[PDB]
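Positions are given from 1 along the sequence. Excluded from the calculations below are hydrogen atoms, water molecules and symmetry mates; all remaining heavy atoms, backbone and side chain alike, are included.
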Amino acid sequence: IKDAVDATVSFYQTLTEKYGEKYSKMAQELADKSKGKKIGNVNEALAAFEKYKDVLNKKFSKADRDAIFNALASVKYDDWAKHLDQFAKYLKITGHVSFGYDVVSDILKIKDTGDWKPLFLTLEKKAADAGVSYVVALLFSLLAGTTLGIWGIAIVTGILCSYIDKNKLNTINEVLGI
């Protein structure tokens with residue numbers, strides 16, 4: 001675990017390198033906050049996310065978003081899934097861990113439908129008894145193995161705020177500069 005924690009800190013500095021300094025700390029706040037929390041009413045979460053999404057989408061064009069799905073089409077699971085255990089260790093996830101879930105294939109389906117409902121419901125199901133910290137380990141691992149455009153960072157962060165009670169959804173745009 002010496003490593004898990006050391007590695008996580010490295011992650012945080014790269015987050016700072018890639019995005020805001022503000023961004024990186026926001027991530028930590030979220031990482032911290034989740035420890036222990038279980039996944040609540042997935043509906044309340046979707047509801048809050050869909051509300052933030054509309055705002056975000058008014059600042060980016062269709063073509064802008066598509067660029068994000070297209071970048072994701074080139075990511076292979078092995079590339080980011082490699083960080084899963086490390087995050088699980090740092091977050092102290094003690095419950096069961098659905099290791100073999102490839103979120104990226106799920107997000108890709110959204111490019112065509114525009115429907116986020118399925119994703120949320122499956123994030124709840126795969127977290128199982130592990131709670132909200134599984135969602136963090138999962139998505140942080142994704143961030144760890146990619147360099148996405150602001151829109152994608154905003155969306156991924158939006159999913160995190162929506163499940164992790166601090167609906168600091170209104171602060172995302174600020175932390176990112178959009």
Side-chain angles (χ1 to χ4, degrees), residues 4-5 7-20 23-35 37 39 42 45-46 49 52-53 56 60 64-91 93 97-113 115-128 130-164 168-169 172 175-176 178:
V5 173
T8 297
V9 171
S10 304
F11 170 56
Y12 289 131
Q13 275 307 288
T14 298
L15 276 193
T16 293
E17 288 200 32
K18 278 158 161 181
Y19 321 108
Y23 185 65
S24 201
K25 313 239 287 195
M26 169 159 218
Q28 309 189 36
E29 295 193 52
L30 297 177
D32 300 334
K33 249 286 177 151
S34 60
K35 295 184 188 184
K37 310 180 69 292
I39 287 181
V42 84
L46 218 200
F49 172 76
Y52 166 76
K53 184 177 70 62
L56 175 63
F60 295 99
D64 282 343
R65 310 187 207 110
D66 289 348
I68 298 298
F69 292 105
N70 290 344
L72 288 175
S74 312
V75 170
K76 55 187 70 184
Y77 175 92
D78 283 349
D79 297 339
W80 58 268
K82 75 189 290 185
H83 304 101
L84 245 330
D85 186 49
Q86 155 186 340
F87 289 117
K89 256 79 182 193
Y90 159 103
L91 296 175
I93 305 177
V97 258
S98 285
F99 288 93
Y101 173 45
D102 183 12
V103 226
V104 183
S105 57
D106 272 18
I107 287 170
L108 286 167
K109 295 170 186 171
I110 305 178
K111 170 165 180 181
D112 292 313
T113 73
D115 198 13
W116 293 80
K117 194 211 187 188
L119 184 66
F120 272 64
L121 303 188
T122 123
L123 273 180
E124 217 211 0
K125 268 58 105 172
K126 291 277 167 273
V132 184
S133 9
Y134 163 85
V135 184
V136 176
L138 220 233
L139 275 11
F140 266 18
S141 299
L142 180 49
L143 303 177
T146 69
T147 299
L148 302 161
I150 302 302
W151 184 76
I153 298 301
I155 280 294
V156 162
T157 305
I159 301 168
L160 285 178
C161 296
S162 83
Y163 276 112
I164 298 175
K168 5 180 59 285
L169 292 170
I172 306 185
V175 162
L176 290 172
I178 63 199

## Note on the structure
Scanning both residues in full, the closest heavy-atom pair of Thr8 with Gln86 reads N-NE2, 3.8 Å

### Task
Apply side-chain contact (heavy atoms from CB on, under 4.5 Å) to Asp115 and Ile110, showing your working.
CA-CA 6 Å; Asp115 198 13; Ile110 305 178; 6.0 Å; no

### Message
Side chains of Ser34 and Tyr163: any donor to acceptor distance under 3.5 Å?
### Response
no

#### Entry: Cation-pi check, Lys35 onto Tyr90 ring (under 6.0 Å, within 45° of axis)
yes

### Message
So, taking the atom named OG in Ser162 and the one named CG in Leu46, what distance separates them when rounded to the nearest 0.5 Å?
### Response
7.5 Å

### Message
Return the CZ to NZ distance between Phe120 and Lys125, rounded to the nearest 0.5 Å.
### Response
12.0 Å

### Task
Taking all non-hydrogen atoms of both residues into account, name the closest pair between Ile178 and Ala154 and its distance.
CD1-CB, 4.5 Å

### Rounded distance (nearest 0.5 Å) linking atom CD1 of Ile155 with atom CG of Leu139
11.0 Å

### Task
For the pair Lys76 and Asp79, find out whether any cationic side-chain nitrogen is under 4.0 Å from an anionic carboxylate oxygen.
no

### Task
For the residue pair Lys117 and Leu121, establish whether any side-chain heavy-atom pair is separated by less than 4.5 Å.
yes

#### Entry: Candidate pair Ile164 and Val136, rule side-chain contact (heavy atoms from CB on, under 4.5 Å), full reasoning
CA-CA 9 Å; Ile164 298 175; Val136 176; 3.7 Å; yes

### Minimum side-chain heavy-atom gap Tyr19-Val175 below 4.5 Å
no

### Task
Determine, step by step, whether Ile153 and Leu143 satisfy the side-chain contact (heavy atoms from CB on, under 4.5 Å) criterion, reporting the C-alpha distance in whole Å, the side-chain angles of both residues, the deciding distance to 0.1 Å, and the verdict.
CA-CA 8 Å; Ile153 298 301; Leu143 303 177; 4.1 Å; yes

### side-chain hydrogen bond (donor to acceptor under 3.5 Å, both in side chains) partners of residues 141-155, not counting sequence neighbours, each pair once
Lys18-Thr147, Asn57-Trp151

### Message
Distance check, rounded to the nearest 0.5 Å: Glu29 atom CD versus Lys168 atom NZ?
### Response
4.5 Å

### Query
Do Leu84 and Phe140 touch side chain to side chain, with heavy atoms closer than 4.5 Å?
no

### Query
Would you call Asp78 and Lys82 a salt bridge, using N to O less than 4.0 angstrom?
no

### Under 3.5 Å donor-acceptor, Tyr134 side chain and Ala128 backbone
no

### Query
Do you know which two heavy atoms are closest between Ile93 and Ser133, and how far apart they sit?
CD1-O, 3.5 Å

### Query
Does the side-chain contact (heavy atoms from CB on, under 4.5 Å) test come out yes or no for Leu160 and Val132, once each step is laid out?
CA-CA 9 Å; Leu160 285 178; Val132 184; over 6 Å; no

### Task
Could you tell me the separation between the NE2 atom of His83 and the CZ atom of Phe11, rounded to the nearest 0.5 Å?
8.5 Å

### Query
Do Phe87 and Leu138 touch side chain to side chain, with heavy atoms closer than 4.5 Å?
no

### Task
Write down the atom of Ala137, the atom of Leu91, and the distance for their closest heavy-atom approach.
N-CD1, 3.9 Å

### Query
Once the angle between the rings of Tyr52 and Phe49 is folded into 0 to 90°, is it parallel (under 30°), tilted (30 to 60°) or perpendicular (over 60°)?
tilted

### Query
Going from OG on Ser24 to CG on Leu15, what distance comes out if it is rounded to the nearest 0.5 angstrom?
4.5 Å

### Query
What heavy-atom pair brings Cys161 and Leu169 nearest, and what distance separates the two atoms?
CB-CD2, 3.4 Å

### Shortest non-hydrogen contact between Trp80 and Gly145, atoms and distance
CB-CA, 4.1 Å

### Task
Check whether any side-chain heavy atom of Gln13 sits under 4.5 Å from a side-chain heavy atom of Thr16, and report yes or no.
yes

#### Entry: Pair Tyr23, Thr157: side-chain N/O donor-acceptor within cut-off below 3.5 Å
yes

